[PDB]
C-alpha cells in the first residue's frame, strides 16, 4: 500500500456534513482515510462510497473485528461490499477469527490489517502481554499489514522487528494521545491522525503542519 505523505486521516466526526467538509479541506495532503464505527454508525455504510465519489481516496474500515469466525466472515463481506479497501481486525480472539477475515479479503480483492497492541492505557492490562505472540501469529498466517501503538515507541519498534521490514505497519495515537509523528515514523510506514486534525481550529493548517514535521521523512 502506498500512503500519500505517510499520513492517514482518522475521520471520527459523527455527522456527514462535518466529516465531508473537513476531509475536503485536507484532501490535498492525503489519499487514505480511516473510517470507523463513529462515522459509519452515525451516517451509514453508504458513507464509504460517498467518500470514494468525492475524494477518490483509499478507505480503511477500522471495525476492530473481534467476533467468532462465522460472524467475522459476514462482517468482512458486508464491509467490502460497501467499498472498503481494507479492514482492521483484532488479533486477541485468535487465529481462526483472523483467518476468517483473511479468507474474505482474498475473495473480494482486499487487505486485512492485524491490530496487535493498542495505544490507550488499558492496553497494558491484557493486550500488551499477548501482543508479541499476536504479531507472530500474524506472521504465521501470512498477514502483511499491521497496526501498533504510537504511544509506546519501544513496543512499536518491537512489533516492526517481529514482522520485518517487508510488512506494512500503520500507527495511531499520534498527537492527541501523546505519540510523536517523527518518532512513530522511525518504525511505522504511516501515521494515523484523528483529533489533532479534525478538531483543530484549522484542519488544513494542522494537516500541513504534520507534513512539515515529518517533511524529511
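Numbering follows the first chain given and starts at 1.
Stretches 99 to 107 and 118 to 126 differ in mean CA B factor, with 99 to 107 having the higher one. Averaged over CA atoms, B-factors in the entry run higher in 194 to 202 than in the other of 6 to 14 and 194 to 202. Which of 170, 163, 45, 33 has the largest Cα B-factor in the deposited entry comes down to 45. Residue set 50, 189, 67, 62: peak C-alpha B-factor at 50 (per PDB entry). Ranked against the other modelled residues of its chain, the C-alpha B-factor of residue 175 as given in the entry falls in the middle third. Ranked by Cα temperature factor within the chain, residue 81 sits in the highest third according to the deposited record. Annotation for residue 149: CA B-factor lies in the lowest third of the chain's modelled residues. In this PDB entry, residue 156 carries a Cα temperature factor that places it within the lowest third of its chain's modelled residues.
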